[PDB]
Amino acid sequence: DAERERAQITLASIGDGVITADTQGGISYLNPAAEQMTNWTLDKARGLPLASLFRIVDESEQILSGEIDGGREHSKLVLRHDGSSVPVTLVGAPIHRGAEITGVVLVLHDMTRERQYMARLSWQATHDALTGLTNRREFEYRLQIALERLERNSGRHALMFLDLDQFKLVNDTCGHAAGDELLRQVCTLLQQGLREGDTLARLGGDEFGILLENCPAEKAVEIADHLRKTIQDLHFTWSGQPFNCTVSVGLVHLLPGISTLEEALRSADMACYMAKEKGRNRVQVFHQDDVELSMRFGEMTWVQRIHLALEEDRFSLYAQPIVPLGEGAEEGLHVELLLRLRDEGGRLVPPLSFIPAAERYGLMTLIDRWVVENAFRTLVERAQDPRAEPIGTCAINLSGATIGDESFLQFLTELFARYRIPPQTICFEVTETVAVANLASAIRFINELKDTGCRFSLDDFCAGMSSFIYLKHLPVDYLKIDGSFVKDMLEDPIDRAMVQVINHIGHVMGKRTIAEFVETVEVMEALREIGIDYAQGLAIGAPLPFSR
């Protein structure tokens, strides 16, 4: 028929190598990308078997009909025995007549070409890969421009910071895949709610940035409260399970030519934080005095609260085990230390009820110094018993305020001399987020501590070319997979794949891998098969009191 002409132009427009072959291997179709990949033209390869022209090997075939579908991409090579190797990502699907398997369709994507996608790189550098919206880079650029521009700067602009409430709930409850969907759904609503000219970005985490150029004060607040309402009305559900999605909005009225970029960003931050501190699901319009006096008050309140607790011995330490998944590995006892705070009545205070405030008001060095001192102190008390399970690894999480703290090493040195805890026994922890936020200091800190003889771990680790590049510079011993990826590993094929990639590249880069949120033995066995070195979760052991 004349359909061949239509299909051939479509098949030739596709940049990916398309190969169609009969059930027995004989070639039926090769598009120009397949021809260039295999070094064989269709006219010289038609009817001839696949294996006799080129090889689709691995790194040292009929499986497609069985189980190796086109759902997932498979890393193969194209060994052509002339011009040799071409690295691909294969996808295969059977060809049917109607319950009669007649052939095979192969979609082959050339890994060498990825470097040539200039529009893709450019897009990526200015947009969030998940949500599709502009990123922090592009947003801050557009915000700066709105203020510095010579033209079209007649009226005032409106900066908004919209942060999702209890977004960690969604991730720790269902997993990372669920949280990504919610983010994508939150994205579509804020898209529908804004007009052309308005700039909407994901600034990181569950935080979005909205810019309304040349829009009045009353109009600006009206839009914010409406967007707040539309997210409140979002009936988000994950595999039946419904979630109450809510947002905390921080609004700032801007002036082009007067108000600086860093002043604008910081003002929207205090207002967003204040809407949270004021109970969540609220819009907090920044006022230079009215919404600033509460920051001075909040600092005073928390200085008193953190110091009282410390003085009143209400902070305590818990220990959760980390165990080797490797068959034959014994080692010393590995525990991760976790902080707990009890109020004046004597009941446990949730983490979000004081860590965000202590972090905001620079009270984290205090707590980290108390944690480290009382961990070493406990280890001495625990050692008084000879029968006691000796701790080979005691992991402690440090904040960004500590990573940057010049006086921490002298304090740690002093602590070592006082409690005689071997440095080797201690494993300091920093999140991927905290490390990158203070990159030059993190590198400097990790190396100084490693010289002392301490180990280091990188927490809440995501996979990407960025995170793996940051990993080259961060000399940590362990890599800890974010729990959200482990939570639905066995239910979501991308989260399972994420775990596998974090593991492989983590092993490639000389790191030992740890999986958190291993709540069942099914998850434990899955991680063991993959190759994960350590497991932590409710299937391993629950957090138990450590300190007295």
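Start at 1 with the first residue shown and count on from there.
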Inset, instruction - Would you mind comparing 520 to 528 and 11 to 19 for me and telling me which has the higher average C-alpha temperature factor in the entry? - result: 11 to 19
Legend entry - Greater mean Cα temperature factor according to the PDB record, 30 to 38 or 47 to 55: 47 to 55
Inset, instruction - Tell me which of 250, 392, 205, 256 tops the list for C-alpha B factor in the record. - result: 256
Inset, instruction - Tell me which of 154, 410, 135, 384 tops the list for C-alpha B factor in the record. - result: 154
Inset, instruction - Could you tell me which third, lowest, middle or highest, the C-alpha B-factor of residue 423 occupies within its chain? - result: lowest
Legend entry - Ranked C-alpha temperature factor of residue 482 among modelled chain residues, by third: lowest
Legend entry - residue 172 - which third its CA temperature factor falls in, relative to the rest of the chain: middle
Legend entry - Where the record places residue 356 (Cα B-factor, split into thirds across the chain): middle
Legend entry - Assigned third (lowest, middle, highest) for the C-alpha B factor of residue 343: middle
